[PDB]
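Student: Pasting a structure below so you can have a look.
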Amino acid sequence: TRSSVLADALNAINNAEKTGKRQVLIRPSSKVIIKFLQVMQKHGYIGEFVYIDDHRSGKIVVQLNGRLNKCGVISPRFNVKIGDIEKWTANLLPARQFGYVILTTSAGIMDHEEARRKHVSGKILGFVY
Amino acid sequence: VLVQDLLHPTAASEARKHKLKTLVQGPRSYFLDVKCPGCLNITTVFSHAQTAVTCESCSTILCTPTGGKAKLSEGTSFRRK
Amino acid sequence: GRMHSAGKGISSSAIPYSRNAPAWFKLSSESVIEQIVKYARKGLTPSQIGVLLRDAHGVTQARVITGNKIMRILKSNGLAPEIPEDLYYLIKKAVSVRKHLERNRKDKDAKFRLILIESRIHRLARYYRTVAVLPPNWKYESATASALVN
Amino acid sequence: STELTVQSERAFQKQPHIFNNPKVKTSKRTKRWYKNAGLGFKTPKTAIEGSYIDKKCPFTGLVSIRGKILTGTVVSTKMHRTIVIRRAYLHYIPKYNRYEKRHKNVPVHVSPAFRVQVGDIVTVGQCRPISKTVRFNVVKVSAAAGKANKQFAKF
Amino acid sequence: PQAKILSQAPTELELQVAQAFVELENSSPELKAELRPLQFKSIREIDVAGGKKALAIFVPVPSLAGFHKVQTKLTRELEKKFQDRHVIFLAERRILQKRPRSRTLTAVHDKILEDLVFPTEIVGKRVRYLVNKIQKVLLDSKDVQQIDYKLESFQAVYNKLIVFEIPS
RNA sequence: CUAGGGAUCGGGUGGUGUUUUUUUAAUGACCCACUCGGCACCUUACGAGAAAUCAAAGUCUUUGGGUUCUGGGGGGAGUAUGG
RNA sequence: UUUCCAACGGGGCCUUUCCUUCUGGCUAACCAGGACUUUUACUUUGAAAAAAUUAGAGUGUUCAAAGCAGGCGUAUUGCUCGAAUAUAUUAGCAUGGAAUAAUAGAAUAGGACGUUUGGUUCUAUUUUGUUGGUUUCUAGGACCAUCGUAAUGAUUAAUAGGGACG
């Protein structure tokens with residue numbers, strides 16, 4: 001079972017990048033994963049990607065430039081206050097002056113500093129670089 | 001794989017590789033619109049048939065069902081698509 | 001991954017992208033609907049309907065050129081089955097296993113093979129009590145799993 | 001059960017101090033005191049046009065509504081003129097940043113104006129203490145069965 | 001813009017081109033019985049570059065089943081009278097008080113997606129991101145009879161409310 | 001998800017495909033290809049492990065796909081006691 | 001601060017992006033008035049969170065630990081600074097936020113857009129003539145006879161399972 005399609009996402013791109021690819025075929029995929037990857041392309045850790053479609057789940061193809069070292073889901077999807085995101089920074093991020101945990105929230109999906117900017121904090125999704 | 005999108009591969013490389021593993025899904029088998037030697041009425045049996053066709057004029061069993069695809073009785077005119 | 005079997009399997013019916021009648025089949029929807037209504041009043045289970053007269057009359061499926069699926073067809077006709085198609089034939093498997101259970105008493109795999117079928121009938125009875133297509137007063141029982149098919 | 005002409009008890013159930021006038025007999029023929037419950041509650045039309053009494057009904061009797069109002073689902077209507085609801089919720093533990101399923105049973109008096117079933121959805125309000133367990137009284141029945149009156153007569 | 005064969009749902013432009021609205025109940029034995037019941041709501045001309053307007057004919061839903069058997073013939077029979085203008089028949093679908101799920105707000109124009117052309121269906125969305133910006137979506141086909149040549153106005157038709165590169 | 005392979009066996013196909021012979025490729029079986037099922041092997045180990053070794057005993061300090069049962073130094077001891 | 005080139009923000013509005021209906025102040029700026037483009041889980045801003053502890057101005061208690069104390073001239077009969085804030089999740093109480101998870105409408109269409117029409121429960125702020133037995137038209141809900149309404153309801157057939165048949 002693919003209990004989290006978002007988990008049997010980027011683990012696939014771990015098994016592509018650590019094994020040295022430039023793309024992988026992600027199926028299934030959701031708007032969870034679609035907006036997740038739009039956020040990642042907006043940060044530009046990964047590069048250009050395309051959603052191709054069937055009358056089934058759907059596929060995504062990514063064209064990065066290497067800078068995706070590691071991502072991962074932080075399942076279970078913990079619910080975080082404003083001051084407590086910075087706890088989650090120093091546990092599992094490389095340095096202060098880069099690196100993004102991202103969040104799903106009632107303001108959609110954005111990293112924890114846009115949460116600091118647009119002044120909410122919501123449920124965890126993953127850590128991305 | 002190096003630099004090509006997978007809308008832009010060598011196309012037919014994965015085309016026979018077990019229908020659903022291809023870049024999208026497309027079924028294996030085919031349709032046939034053929035006519036019996038007893039009526040010359042177009043009797044569309046499926047390629048991978050599971051039903052032994054009694055003729056529409058005769059009572060002749062004009063196919064024998066087998067796995068994979070079925071085994072017709074000879075006398076069926078074929079044509080393309 | 002199979003339940004109750006410990007094996008891997010792919011029994012394929014895959015569907016390409018396009019929805020409507022694509023290229024060649026020249027009948028209207030009314031023609032194939034009245035064909036399926038002809039098939040439906042023959043008084044057999046929907047497996048036996050499809051396996052014969054999707055294969056002998058050029059019918060693609062009962063959903064693409066037709067529009068209304070088969071258990072929706074029979075309930076608009078008054079010939080909707082009691083327990084639809086698959087719980088009945090799993091009770092038929094239970095019939096076969098339980099009639100071989102007293103041909104010989106110590107067929108020990110038959111004690112193991114009834115449990116899997118009985119468990120899947122429990123799940124199907126529970127799912128058909130979920131969406132309320134089975135009446136939730138009756139319960140499946142081995143004292144009704146050999147007098148209800150044949 | 002109770003057999004309206006509701007005085008199956010040893011003592012005449014009536015509205016206290018409400019006085020059906022026996023000398024003058026005229027086109028009144030219904031002296032039934034009822035109150036609003038407060039808080040925007042539609043009164044049940046049984047209570048306007050009923051013969052039951054129920055001292056602890058929030059629409060006809062000497063109780064009141066205050067402070068708390070609570071949702072939940074029914075269970076175990078096998079008592080008389082009262083139900084028990086059970087509220088589920090998620091306790092929190094910060095050792096693990098996680099939750100925990102718990103439930104609480106509230107024994108809440110029910111009116112005869114409403115008629116319920118084990119599995120409906122209730123909304124109750126706090127009242128003065130009625131018995132040991134009971135501090136609540138059923139005031140809105142949001143039954144969400146799904147209209148199975150003739151739903152089996154289906155196409 | 002007046003006369004006959006509709007059930008009187010008028011717009012201010014019906015009859016300057018449409019002898020099909022007046023005089024194809026006169027040149028038809030049984031297309032008489034086909035065109036005369038049909039309605040259409042409104043007519044929008046839409047400018048695409050070259051002074052090239054497309055007429056979004058707001059045909060209702062119950063005029064698509066037998067209209068497919070005349071859309072092969074009628075889309076060029078207004079190309080016989082007015083040229084450098086174009087005819088595209090659109091239908092109107094429900095947006096989904098109490099509202100259901102099935103055909104919500106983009107599945108409204110999912111059946112306004114295949115119905116720029118006819119009859120070769122679809123093969124799928126191929127949506128690009130930084131070139132949801134340009135939004136590739138393709139077809140597969142059997143034939144070419146109104147695909148592959150009038151599509152460069154159809155690019156400007158759709159994506160405001162099967163994007164038009166198709167390798168046969 | 002990735003290696004990389006010549007075979008296996010259970011199925012599916014027939015090359016202007018080679019021979020007994022249904023009649024060049026029939027019964028069957030083949031070289032060249034292709035598919036999913038079971039049993040295996042060995043390579044450089046990218047990843048590990050303390051190490052023998054492991055294509056999983058991986059994708060874990062760059063620590064979180066889901067779920068179940070155990071272990072906390074050696075003994076005393078799977079002993080006493082109780083269920 | 002006159003300000004040419006681009007860049008970070010949300011809004012008035014618009015390319016079916018309903019952003020609603022409701023009208024006295026009115027000729028929607030915003031105030032009463034009938035329904036929300038569903039209810040919980042989540043989170044954001046207030047409020048409650050005793051004082052004493054913990055963090056810190058300022059104060060030469062001789063530095064301090066302390067303490068909330070105190071400083072200034074013609075000392076001419078007086079002048080005059082203070083004794084902050086930070087914090088404390090669940091539970092409880094208020095509102096958005098519009099993902100996540102949940103709960104599913106409209107498969108009878110015995111339902112919505114019904115601006116429709118016989119008929120049912122109705123009806124007195126009333127005007128009736130001052131107040132109560134006898135009434136209507138009538139403001140405000142529901143459906144059968146009943147059809148006019150826009151675009152009238154089947155999100156998939158899963159490289160997840162259950163059947164049939166070969």
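Simple scheme: letters A, B, ... for chains in structure tokens order, numbers from 1 for residues in each chain, numbers from 1 for ligands in the order shown.
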Counting only C-alpha atoms, which residues of chain A sit at most 8 Å from some atom of chain E, and what is each one's closest atom pair with its distance in Å to one decimal, listed by chain and rising residue number, as JSON lines?
Tutor:
```
{"residue": "A:38", "atom": "CA", "partner": "E:129", "partner_atom": "CA", "distance": 7.7}
{"residue": "A:48", "atom": "CA", "partner": "E:129", "partner_atom": "CA", "distance": 6.4}
{"residue": "A:49", "atom": "CA", "partner": "E:129", "partner_atom": "CA", "distance": 5.9}
{"residue": "A:50", "atom": "CA", "partner": "E:128", "partner_atom": "CA", "distance": 4.5}
{"residue": "A:51", "atom": "CA", "partner": "E:127", "partner_atom": "CA", "distance": 5.0}
{"residue": "A:52", "atom": "CA", "partner": "E:126", "partner_atom": "CA", "distance": 4.1}
{"residue": "A:53", "atom": "CA", "partner": "E:125", "partner_atom": "CA", "distance": 4.9}
{"residue": "A:54", "atom": "CA", "partner": "E:124", "partner_atom": "CA", "distance": 5.8}
```
Student: For chain B, list the residues within 9 Å of chain A, counting only C-alpha atoms, and write the list as a list in words.
Tutor: residues 1, 2, 3, 5, 6, 7, 23, 24 and 25 of chain B
Student: Could the residues in this selection be saved with C-alpha atoms as a short mmCIF file (atom, residue, chain, number, x, y, z; two decimals), in the first residue's frame?
Tutor:
```
data_model
loop_
_atom_site.label_atom_id
_atom_site.label_comp_id
_atom_site.auth_asym_id
_atom_site.auth_seq_id
_atom_site.Cartn_x
_atom_site.Cartn_y
_atom_site.Cartn_z
CA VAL B 1 17.47 9.78 -20.06
CA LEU B 2 20.52 12.10 -20.04
CA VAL B 3 18.78 15.07 -21.66
CA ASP B 5 11.99 14.47 -21.77
CA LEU B 6 9.96 11.28 -21.54
CA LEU B 7 7.54 12.76 -23.96
CA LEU B 23 4.72 5.78 -20.62
CA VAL B 24 0.93 5.73 -20.65
CA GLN B 25 -1.38 2.73 -20.70
#
```
Student: If we count only C-alpha atoms (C1' of nucleotides), which residues of chain G reach to within 12 Å of chain D? Please list them as a PDB file with C-alpha atoms (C1' of nucleotides), in the first residue's frame.
Tutor:
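Output contents, as saved in result_30.pdb:
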```pdb
ATOM      1  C1'   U G  39     -20.264  20.334  10.696  1.00  0.00           C
ATOM      2  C1'   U G  40     -15.850  18.444  13.691  1.00  0.00           C
ATOM      3  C1'   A G  41     -10.275  17.763  13.784  1.00  0.00           C
ATOM      4  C1'   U G  89       0.417  24.514  26.286  1.00  0.00           C
ATOM      5  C1'   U G  90      -4.436  21.097  26.865  1.00  0.00           C
ATOM      6  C1'   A G  91      -9.549  22.135  29.101  1.00  0.00           C
ATOM      7  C1'   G G  92     -13.047  26.365  28.836  1.00  0.00           C
ATOM      8  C1'   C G  93     -14.773  31.351  25.783  1.00  0.00           C
ATOM      9  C1'   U G 103     -18.366  13.930   7.028  1.00  0.00           C
ATOM     10  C1'   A G 104     -21.366  13.628   1.880  1.00  0.00           C
ATOM     11  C1'   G G 105     -25.743  15.952  -0.486  1.00  0.00           C
ATOM     12  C1'   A G 107     -29.887   8.007  -8.234  1.00  0.00           C
ATOM     13  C1'   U G 108     -36.454   8.356  -6.096  1.00  0.00           C
ATOM     14  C1'   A G 109     -34.673  13.370  -8.604  1.00  0.00           C
ATOM     15  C1'   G G 110     -40.852  11.331  -3.028  1.00  0.00           C
ATOM     16  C1'   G G 132     -64.874  39.424  23.818  1.00  0.00           C
ATOM     17  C1'   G G 133     -68.880  34.350  20.382  1.00  0.00           C
TER      18        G G 133
END
```
Student: Quick one: everything within 9 Å of region 36-50 of chain E, counting only C-alpha atoms (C1' of nucleotides), minus sequence neighbours fewer than 4 positions away in the same chain. Send it as a PyMOL selection string.
Tutor: chain E and resi 4-14+21+24-25+31-32+54-60+62-63+67+84-86+91+152-153+156-157
Student: Would you write out those residues with N, CA, C and O atoms, as a compact mmCIF listing (two decimals), in the first residue's frame?
Tutor:
```txt
# COMPACT_ATOMS: atom_id res chain seq x y z
N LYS E 4 -36.83 32.20 -37.73
CA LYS E 4 -37.70 31.03 -37.74
C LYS E 4 -37.29 29.87 -36.84
O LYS E 4 -38.01 29.56 -35.89
N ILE E 5 -36.17 29.20 -37.11
CA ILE E 5 -36.09 27.77 -36.79
C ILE E 5 -35.63 27.52 -35.37
O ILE E 5 -35.36 26.38 -34.99
N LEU E 6 -35.52 28.58 -34.57
CA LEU E 6 -35.20 28.38 -33.17
C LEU E 6 -36.52 28.41 -32.42
O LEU E 6 -37.56 28.77 -32.98
N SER E 7 -36.47 28.03 -31.15
CA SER E 7 -37.58 28.17 -30.23
C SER E 7 -37.60 29.54 -29.55
O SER E 7 -38.06 29.65 -28.41
N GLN E 8 -37.08 30.57 -30.23
CA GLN E 8 -37.09 31.99 -29.83
C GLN E 8 -36.33 32.21 -28.52
O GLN E 8 -36.88 32.58 -27.48
N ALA E 9 -35.04 31.92 -28.60
CA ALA E 9 -34.04 32.44 -27.69
C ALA E 9 -33.10 33.31 -28.52
O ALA E 9 -32.13 32.81 -29.10
N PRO E 10 -33.37 34.61 -28.61
CA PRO E 10 -32.72 35.43 -29.63
C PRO E 10 -31.40 36.04 -29.18
O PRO E 10 -31.15 36.25 -27.99
N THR E 11 -30.55 36.32 -30.17
CA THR E 11 -29.41 37.21 -30.03
C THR E 11 -29.48 38.23 -31.15
O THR E 11 -30.31 38.12 -32.06
N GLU E 12 -28.60 39.23 -31.10
CA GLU E 12 -28.66 40.32 -32.05
C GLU E 12 -27.88 40.00 -33.33
O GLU E 12 -27.82 40.82 -34.25
N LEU E 13 -27.26 38.82 -33.39
CA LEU E 13 -26.67 38.35 -34.64
C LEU E 13 -27.00 36.90 -34.94
O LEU E 13 -26.21 36.01 -34.58
N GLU E 14 -28.13 36.62 -35.59
CA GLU E 14 -28.37 35.29 -36.13
C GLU E 14 -28.35 35.31 -37.65
O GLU E 14 -27.59 34.57 -38.29
N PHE E 21 -30.57 29.18 -40.75
CA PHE E 21 -31.61 29.60 -39.83
C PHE E 21 -32.92 29.93 -40.55
O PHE E 21 -33.97 29.97 -39.91
N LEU E 24 -32.80 26.38 -44.72
CA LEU E 24 -32.49 24.95 -44.81
C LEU E 24 -33.60 24.09 -44.23
O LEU E 24 -33.41 22.87 -44.08
N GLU E 25 -34.73 24.69 -43.89
CA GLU E 25 -36.01 24.00 -43.86
C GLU E 25 -36.64 23.94 -45.25
O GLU E 25 -37.71 23.34 -45.41
N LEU E 31 -33.19 16.84 -42.91
CA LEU E 31 -32.49 17.85 -42.11
C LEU E 31 -33.43 18.99 -41.74
O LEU E 31 -33.14 19.77 -40.83
N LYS E 32 -34.57 19.08 -42.45
CA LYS E 32 -35.73 19.83 -42.00
C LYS E 32 -36.15 19.41 -40.59
O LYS E 32 -36.32 20.25 -39.70
N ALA E 54 -13.88 34.20 -34.13
CA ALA E 54 -14.52 32.91 -33.93
C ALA E 54 -15.88 33.15 -33.29
O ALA E 54 -15.99 33.95 -32.36
N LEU E 55 -16.91 32.49 -33.81
CA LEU E 55 -18.27 32.64 -33.30
C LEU E 55 -18.54 31.49 -32.35
O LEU E 55 -18.70 30.34 -32.78
N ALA E 56 -18.58 31.81 -31.06
CA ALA E 56 -18.88 30.86 -29.98
C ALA E 56 -20.39 30.68 -29.90
O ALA E 56 -21.08 31.36 -29.15
N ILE E 57 -20.91 29.73 -30.67
CA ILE E 57 -22.35 29.52 -30.74
C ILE E 57 -22.79 28.70 -29.54
O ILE E 57 -22.46 27.52 -29.42
N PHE E 58 -23.55 29.33 -28.63
CA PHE E 58 -23.92 28.72 -27.36
C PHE E 58 -25.10 27.78 -27.58
O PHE E 58 -26.24 28.07 -27.20
N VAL E 59 -24.82 26.64 -28.18
CA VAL E 59 -25.80 25.57 -28.38
C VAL E 59 -26.07 24.94 -27.02
O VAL E 59 -25.12 24.75 -26.24
N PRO E 60 -27.32 24.64 -26.66
CA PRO E 60 -27.55 23.91 -25.41
C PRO E 60 -27.21 22.44 -25.55
O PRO E 60 -26.98 21.93 -26.65
N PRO E 62 -29.15 19.55 -25.19
CA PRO E 62 -29.92 18.53 -25.93
C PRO E 62 -29.84 18.60 -27.45
O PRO E 62 -30.65 17.98 -28.15
N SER E 63 -28.86 19.34 -27.97
CA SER E 63 -28.60 19.50 -29.39
C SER E 63 -27.15 19.13 -29.70
O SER E 63 -26.40 19.89 -30.31
N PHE E 67 -26.66 16.35 -33.69
CA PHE E 67 -25.90 17.47 -34.24
C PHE E 67 -24.48 17.06 -34.60
O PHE E 67 -23.85 17.71 -35.44
N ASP E 84 -12.90 34.35 -43.38
CA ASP E 84 -12.06 34.93 -42.31
C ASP E 84 -12.88 35.21 -41.04
O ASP E 84 -12.53 36.07 -40.23
N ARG E 85 -13.96 34.46 -40.86
CA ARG E 85 -14.67 34.33 -39.60
C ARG E 85 -14.93 32.84 -39.40
O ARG E 85 -14.86 32.06 -40.35
N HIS E 86 -15.21 32.44 -38.16
CA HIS E 86 -15.21 31.02 -37.84
C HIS E 86 -16.34 30.64 -36.91
O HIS E 86 -16.78 31.44 -36.08
N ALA E 91 -21.20 24.07 -25.82
CA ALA E 91 -22.34 23.74 -24.97
C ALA E 91 -22.09 24.33 -23.59
O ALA E 91 -21.00 24.83 -23.30
N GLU E 152 -5.30 27.26 -34.47
CA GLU E 152 -4.51 28.39 -34.01
C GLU E 152 -5.37 29.58 -33.60
O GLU E 152 -4.84 30.58 -33.09
N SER E 153 -6.68 29.50 -33.81
CA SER E 153 -7.65 30.28 -33.05
C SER E 153 -8.15 29.53 -31.83
O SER E 153 -8.52 30.15 -30.83
N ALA E 156 -6.48 30.37 -28.65
CA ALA E 156 -7.03 31.55 -28.00
C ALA E 156 -8.47 31.35 -27.54
O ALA E 156 -9.02 32.24 -26.88
N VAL E 157 -9.10 30.24 -27.91
CA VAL E 157 -10.46 29.98 -27.43
C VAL E 157 -10.46 29.55 -25.96
O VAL E 157 -11.16 30.15 -25.13
```
Student: So which residues touch residue 113 (chain D) within 10 Å, counting only C-alpha atoms (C1' of nucleotides), skipping near sequence neighbours fewer than 6 positions away, as a list in words?
Tutor: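 In the requested format, the answer is residues 43, 44, 45, 46, 47, 48, 49, 50, 52, 53, 54, 57, 59, 60 and 139 of chain D.
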